[PDB]
Each structure stands twice: as C-alpha cells, then as structure tokens.
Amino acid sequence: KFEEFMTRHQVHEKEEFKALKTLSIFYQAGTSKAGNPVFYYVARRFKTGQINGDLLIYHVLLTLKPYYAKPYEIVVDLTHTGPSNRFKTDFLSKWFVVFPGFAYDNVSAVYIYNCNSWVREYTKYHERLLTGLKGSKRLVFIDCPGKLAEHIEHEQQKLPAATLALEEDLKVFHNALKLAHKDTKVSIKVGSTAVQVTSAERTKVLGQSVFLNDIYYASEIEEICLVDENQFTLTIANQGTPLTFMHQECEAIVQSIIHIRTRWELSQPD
C-alpha cells in the first residue's frame, strides 16, 4: 500500500528502525526445495511495548518488496512466543491491508514452527481476522524438527541458533498427563536451559490438527511442587495459574527440573 509506503518515507529510515535488522526478527535466508526464496519471522524477538509496530511492519515491507512479486515462502518460528510478543488487535489487522493483493497470493507456503498453547488461544481469540488462514493448504505445521526437511533442505534452513539448541540433550518423559478442566497426554522434556511439554495427541489450530510445544526457560520457573507419588506442579512467572502434571516418575522429573533451575541460578548476574 504505497499510501502507507510513503507515509513511512516522509521521514527516511531513522536509527531505531535500523536496529530491527540487527535483532533478526524478520530476514530472508535460503531457498526451498520448491525453488522459492525463504523468509524467517522469529516471533519471540518482538516485544509488544518495546517495539514500534509501524517500524516492524515497514521493515518487513522493505524486506519482501523485492521478492513478493514472485513465489516465496515464510517460516514462522513461534518458539517460546507469549503475551509479551503478541500483536494487539488493531495492529494485527494492519498486516491484512498494508501489502498488495498479489503479495498475499504469491506466498507458496507458510511453515509454522513450535506452535504453543498461548498462540493457539491467540488465534482462538482472533478467530475473526484469521478466517482466511483457516484450513489453508498453504499453512503447514511442523510436527517435529525432522519434518521441515521435507520442504527446505537442512542446509538451506536458517532458524535461530537458540531455537535449534532447544532440541539438544533432552531428558524425555513420555506418557505424562497435563491435569486441568481438560486432561491431555504430553511428553515432558527437560533440557539444561529449559523445560518443554509437548502434546502427545493432536489439537486444533486454525482448522488443522497439530502438536503444541510449550517451552519454559529455567528462569521462568518460580515454584516447583511435588504433590503426590505421581503428581507435580510448576509455577511460571507472570502466568499465575500453576501447571499440574501426572507421571509415574514425578520424583525423577522434579529433581531433574530443580537441577536445571539451580545450575541456572548459579551462573547469573549478581
């Protein structure tokens, strides 16, 4: 939309805008197996309050400008995406008008990576705006890290190194159950830096059945309570409501998590 294009050009690229590039929130990297240019959006790298929306969306416009006249694909990294990264209602709706019609058409495929519970609720709450994304063949959720290789060569992939690191050396606990108004089978994976709870059964997101992956850095873990011989709880910072899980070896799970919370506290800024 050149009307927004020029409104953003009456004052040329400032020095805050140029900072967006260095933080690698949206960038082009690699080519897909289909022979299309790939772009990456690292959701967790956007802070609602800290980052000016108009600059971001404009930074994306300049990035896609040269490419979006032809086929191209987007990889959306939803790793550890939470409230602090959300696009507020009014800002979210901008994305549907600021780009040319063909730019939207030329998107060959969108690859959703590490979709989580919060994002699901987000799409739930913004079900209106995202109806065009509902049951779309272009929308492709990555069940597990290994399936992305089906669309993009492993070497052509360029996810944030921090994202890939979350897939290394995990103590995995299968057959766990997440207790709530609605029970759900999950796997509880403990890493040196965080804890990941992956749904063992598919769930609905934007019309598709997918696997969610909730990530909690050790820094977010406040309270760790062992309730029973097969039940424990986690208190996540700024989340309020405690998470409850059931597992045969809750004693081993808690110890494992306490350890990573400790190793973290040790190496911290005094």
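Don't overthink the numbering: it's just position in the shown sequence, from 1.
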Legend entry - Which of 216-224 and 26-34 has higher mean CA B factor, as the PDB entry lists it: 216-224
Legend entry - Which of 126-134 and 69-77 has higher mean CA B factor, as the PDB entry lists it: 126-134
Inset, instruction - Select one of 189, 185, 182, 120: the residue whose C-alpha shows the highest B-factor in the crystal structure entry. - result: 182
Inset, instruction - Looking at the entry's B-factor column for C-alpha atoms only, identify whether residue 173 ranks in the lowest, middle or highest third of its chain. - result: middle
Inset, instruction - Comparing against every modelled residue in the chain, figure out the third that the C-alpha B-factor of residue 257 lands in (lowest, middle or highest). - result: lowest
Legend entry - Chain third (lowest, middle, highest) by recorded CA B-factor, residue given as residue 233: middle
Inset, instruction - Taking the chain's C-alpha temperature factors as the reference, tell me which third residue 98 falls into: lowest, middle or highest. - result: highest
Inset, instruction - Name the third of the chain's ranked CA B-factors that contains residue 208, choosing lowest, middle or highest. - result: middle
